[PDB]
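Q: Handing you this structure, nothing more for now.
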Amino acid sequence: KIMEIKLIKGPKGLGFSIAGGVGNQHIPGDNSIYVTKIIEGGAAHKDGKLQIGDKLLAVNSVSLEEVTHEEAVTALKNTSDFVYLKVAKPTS
């Protein structure tokens, strides 16, 4: 299940933590970026769509598939104010 989440970047960012990445696998065999924590009162929390365990596909034009952890952190920190976050809700 793929969805697009609309977020306004707050002073402290998008308001979630990530794990994963090429060379830093969160799930054995998977390079994907995963949401690990939703920050209380942050943009992602207030929107209510994003959940722990969701896979990030893209942040605006930037793919987060088959990227390093540092690449995804950079991407998420340096987005514009208005963010279209594409995510995949896990099945298992």
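In the structure tokens, chains take the letters A, B, ... in the order shown, each chain's residues start at 1, and ligands count up from 1 in the order shown.
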Using DSSP assignments from the backbone, pull out every residue in chain A that falls under strand (DSSP E or B) and give it to me as a PyMOL selection string.
A: chain A and resi 2-8+10+13+16-20+27+30+33-38+55-59+62-63+82-88
Q: Taking the DSSP secondary structure from the backbone, can you list the residues of chain A that are helix (DSSP H, G or I), as a ChimeraX atom specification?
A: /A:43-47,69-77
Q: Once you have the residues from the selection above, write them out as a compact mmCIF listing (two decimals), in the first residue's frame, restricted to C-alpha atoms.
A:
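Heads up, here's the output in result.txt:
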# COMPACT_ATOMS: atom_id res chain seq x y z
CA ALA A 43 4.55 17.51 11.55
CA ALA A 44 4.32 13.75 10.83
CA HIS A 45 2.52 13.13 14.15
CA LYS A 46 -0.03 15.91 13.57
CA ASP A 47 -0.80 14.71 10.03
CA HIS A 69 21.49 6.07 5.46
CA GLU A 70 23.44 9.34 5.13
CA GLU A 71 21.82 10.03 1.73
CA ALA A 72 18.33 9.62 3.21
CA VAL A 73 19.17 11.76 6.27
CA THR A 74 20.52 14.52 3.96
CA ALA A 75 17.42 14.27 1.75
CA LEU A 76 15.01 14.55 4.68
CA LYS A 77 16.91 17.45 6.33
Q: Using only C-alpha atoms, which residue out of A:10, A:28, A:15, A:20 lies closest to residue 67 (chain A)?
A: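 Residue with the minimum atom-to-atom distance to residue 67 (chain A): A:20.
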Q: From the list A:92, A:60, A:78, A:25, which residue is nearest residue 12 (chain A) when using only C-alpha atoms?
A: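 Of A:92, A:60, A:78, A:25, the one nearest residue 12 (chain A) is A:78, counting only C-alpha atoms.
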Q: Please provide as a PyMOL selection string all residues within 12 Å of region 87-91 of chain A, with the sequence filter that same-chain residues fewer than 5 positions apart are discarded (counting only C-alpha atoms).
A: chain A and resi 1-6+32-35+49-60+63-65
Q: Now that the selection is made, can you save its residues with C-alpha atoms as a compact mmCIF listing (two decimals), in the first residue's frame?
A:
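Contents of the output file again12.txt:
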# COMPACT_ATOMS: atom_id res chain seq x y z
CA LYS A 1 0.00 0.00 0.00
CA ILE A 2 1.64 3.18 -1.36
CA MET A 3 0.51 6.61 -0.18
CA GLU A 4 1.55 10.22 -0.52
CA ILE A 5 1.72 12.28 2.65
CA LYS A 6 1.70 16.11 2.56
CA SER A 32 15.14 0.33 2.43
CA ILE A 33 14.61 3.32 4.70
CA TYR A 34 12.19 2.67 7.55
CA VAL A 35 10.40 4.95 9.97
CA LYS A 49 -0.66 9.15 8.39
CA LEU A 50 3.00 8.15 8.86
CA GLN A 51 3.64 5.22 11.21
CA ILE A 52 6.58 3.34 12.71
CA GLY A 53 7.59 0.60 10.29
CA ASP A 54 6.54 2.49 7.15
CA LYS A 55 8.99 2.33 4.25
CA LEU A 56 10.02 5.64 2.68
CA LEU A 57 9.97 5.69 -1.13
CA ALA A 58 10.62 9.36 -1.87
CA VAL A 59 10.81 12.85 -0.43
CA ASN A 60 9.70 15.31 -3.10
CA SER A 63 14.24 8.65 -4.31
CA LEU A 64 14.93 6.97 -0.97
CA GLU A 65 15.05 3.50 -2.52
Q: Hey, which of A:48, A:9, A:68, A:61 ends up closest to residue 22 (chain A)? Count only C-alpha atoms.
A: A:68
